[PDB]
Amino acid sequence: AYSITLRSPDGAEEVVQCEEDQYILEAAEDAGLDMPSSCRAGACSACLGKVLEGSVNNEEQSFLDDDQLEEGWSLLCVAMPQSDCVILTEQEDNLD
Ligand code: FES
Ligand SMILES: [Zn+2]
Ligand SMILES: [Zn+2]
Ligand SMILES: [Zn+2]
Ligand SMILES: [Zn+2]
Ligand SMILES: [Zn+2]
């Protein structure tokens, strides 16, 4: 299992454990965290986070393009971790 450090823009930090075949958002919600989402299918931006450290599998998503993925943007509803990682939450409105 992997340690996912979730950091919010308001300064909260929580570490959520998540398996390599488990979605980041699902894991966070199990842990009781209040995370944004809408379609839960990788086709919008509502659940967006930014991967600051570590590695995530974004293969199931469809909304972000290749350059956005490279910058670290990640739709957490269908993202799965590939390492311990640090992810900034609540990022929809910062998507560029
Ligand atoms: S909630 Fe729509 S892409 Fe994640
Ligand atoms: Zn810390
Ligand atoms: Zn669960
Ligand atoms: Zn929105
Ligand atoms: Zn580190
Ligand atoms: Zn682009």
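The first residue in the sequence is number 1, and the count goes up from there.
- Under the 4.5 angstrom side-chain criterion for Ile, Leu, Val, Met, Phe, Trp and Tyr, the cluster partners of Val51 are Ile4, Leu6, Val16, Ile24, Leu25, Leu33, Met35, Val56, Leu76, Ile87.
- Residue pairs meeting the salt bridge (charged side-chain N to carboxylate O under 4.0 Å, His left out) criterion with at least one member in residues 18-29, sequence neighbours excluded, are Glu29-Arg40.
- To the nearest 0.5 Å, the span separating CD on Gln61 from CE on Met80 amounts to 11.5 Å.
- Applying the side-chain contact (heavy atoms from CB on, under 4.5 Å) rule to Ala12 yields the partners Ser8; only residues at least two apart in sequence or on another chain are considered.
- Within the 3.5 Å criterion, the main-chain N or O of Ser55 finds a donor-acceptor partner in the side chain of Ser83.
- One hydrophobic cluster, built from ILVMFWY side chains closer than 4.5 Å, holds both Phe63 and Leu69.
- For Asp65, the CG atom sits in a packed shell: over 12 heavy atoms of surrounding residues, nucleotides or ligands are nearer than 6.0 Å.
- Within the 4.5 Å cutoff, side-chain heavy atoms of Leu75 are placed close to those of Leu64.
- Among residues two or more places apart in sequence or in another chain, the side chain to side chain donor-acceptor pair (under 3.5 Å) test is passed with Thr89 by none.
- Under the rule for a side chain to side chain donor-acceptor pair (under 3.5 Å), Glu14 has no partner lying at least two apart in sequence or in another chain.
- Taking the side-chain contact (heavy atoms from CB on, under 4.5 Å) definition, one finds that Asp34 meets it with nothing, sequence neighbours left out.
- Partners of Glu53 under the salt bridge (charged side-chain N to carboxylate O under 4.0 Å, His left out) rule, at least two apart in sequence or in another chain, do not exist in this structure.
- In this view, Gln91 and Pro9, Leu48, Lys50, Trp73, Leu88, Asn94 satisfy the side-chain contact (heavy atoms from CB on, under 4.5 Å) rule, not counting sequence neighbours.
- With sequence neighbours left out, the side chain to side chain donor-acceptor pair (under 3.5 Å) criterion links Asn57 to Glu59.
- Under the rule for a side-chain contact (heavy atoms from CB on, under 4.5 Å), the partners of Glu13 that lie at least two apart in sequence or sit in another chain are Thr5, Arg7.
- Considering every non-hydrogen atom in both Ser37 and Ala46, the closest pair reads C-CB, 3.7 Å.
- Side-chain polar atoms of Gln82 and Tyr2 form no donor-acceptor pair below 3.5 angstrom.
- Applying the side chain to side chain donor-acceptor pair (under 3.5 Å) rule to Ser38 yields no partners; only residues at least two apart in sequence or on another chain are considered.
- For the pair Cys77 and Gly42, the tightest heavy-atom approach, listed with the atom from each and the gap, is SG-N, 3.5 Å.
- Sorted by first and then second residue, the salt bridge (charged side-chain N to carboxylate O under 4.0 Å, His left out) pairs involving residues 81-96 (not counting sequence neighbours) form an empty list.
- Side-chain contact between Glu71 and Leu95 is absent, with no heavy-atom pair separated by less than 4.5 Å.
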